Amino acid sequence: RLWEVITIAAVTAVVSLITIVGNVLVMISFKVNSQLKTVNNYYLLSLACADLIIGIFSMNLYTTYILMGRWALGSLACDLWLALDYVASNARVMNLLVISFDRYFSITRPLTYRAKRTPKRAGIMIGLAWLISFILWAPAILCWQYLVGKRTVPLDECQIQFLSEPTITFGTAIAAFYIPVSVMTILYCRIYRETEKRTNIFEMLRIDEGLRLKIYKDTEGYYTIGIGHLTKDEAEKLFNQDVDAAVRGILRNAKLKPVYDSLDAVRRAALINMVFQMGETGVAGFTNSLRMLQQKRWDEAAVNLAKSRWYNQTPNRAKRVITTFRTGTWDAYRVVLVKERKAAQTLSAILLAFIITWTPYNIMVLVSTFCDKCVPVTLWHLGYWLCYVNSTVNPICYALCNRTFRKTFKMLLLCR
């Protein structure tokens, strides 16, 4: 048993040190590389805070508890450790949920969500995650004994009072793990479905006009759906019909036909994008720019289009379309596509780490719901510690799927 105690203590000390060093590296990287100070990474910083809490306090307190075979720190210390544990881990779950929704709405809502993403909005979401986790788990763990009247926790053990019943534990697993995991998986499936296709007209108009599966009200209040069209998943045929109608309307327009016949395929795609945004009449209003584009004067037409209401209403979309006219390449949209693909890979890595490390404990909860104390305490301990290991593996996720994080980590480690 002594050999076992030494081995467990050594392994868990090593794992705790790796967790601490990794999340401190994440924080130092966020601090000393301005290229990492993006809206996406503030959520990752929140995750690193939860993981550092897990690595310093949770791992060491839990391992001392299991090695001593009892709790020898007092009931208040047990309740404080359990509260810290459950609040920080629920905060991690909420942070993963808000990361999922942030990425999803960035992909699907460019005007209503993506153009409005500031670090303060992200900080609101982060603080709400932490505050809701706190007000849900700390009062329960600390005052359920006062709610029932008596404290039915054994003096030598450290467990939460109400989570002994299998039905309450099952409800907690459903509302706290299974429903969040289902939501994150559905959101990631949608994000991934929008990251398989190469750079084309569909992806261009999706970047400019996000894809919505449900009928919504546009900026003017009209019932639009899909890619700016006025409830399904295969809107590709609808998109083809709309771009077919757009080409047919451009070819039947006096000001748009010669320029459309003279432009490259990429520039015809830019013209179709402008027709999608404004219409045939709106694009026909740019007679000067159309004559500049028909005469292959790309720089002149670009600087002429940068002086319109279209450039001031939507700066990013107009800049991309103007760059497409000016260069005749997809690079302005290629850049957004590779950025979104990188974000998606990072999201998938952190989601898989979470799901893999936390799945055994919650499967044990399910089995214990459908049996009578059949899951041994050894397995409970292993599943608990495995959920801790999420906090250890998350910085390795950042290092394996973000080249900026990887470069900053190598700079810090080698002390460059």
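Start at 1 with the first residue shown and count on from there.
- According to the PDB entry, the deposited sequence contains 10 or more residues between residue 230 and residue 231 that lack coordinates.
- Checked against the record, the higher mean CA B factor of 81-89 and 310-318 lies with 310-318.
- Of the two segments examined, 284-292 and 337-345, it is 284-292 that shows the higher average Cα temperature factor in the deposited entry.
- The PDB entry assigns its highest CA temperature factor, among 330, 178, 104, 260, to 260.
- Of the candidates 109, 193, 237, 120, the PDB record gives 237 the highest C-alpha temperature factor.
- In the deposited entry, the Cα temperature factor of residue 371 sits in the top third of values across the chain's modelled residues.
- Per-chain ranking of the deposited C-alpha B factor places residue 163 in the middle third.
- In the PDB entry, residue 273 places in the middle third of its chain by CA B-factor.
- Sort the modelled residues of the chain by CA B factor and residue 134 lands in the lowest third.
- Annotation for residue 115: C-alpha temperature factor in the middle third relative to the rest of the modelled chain, per the entry.
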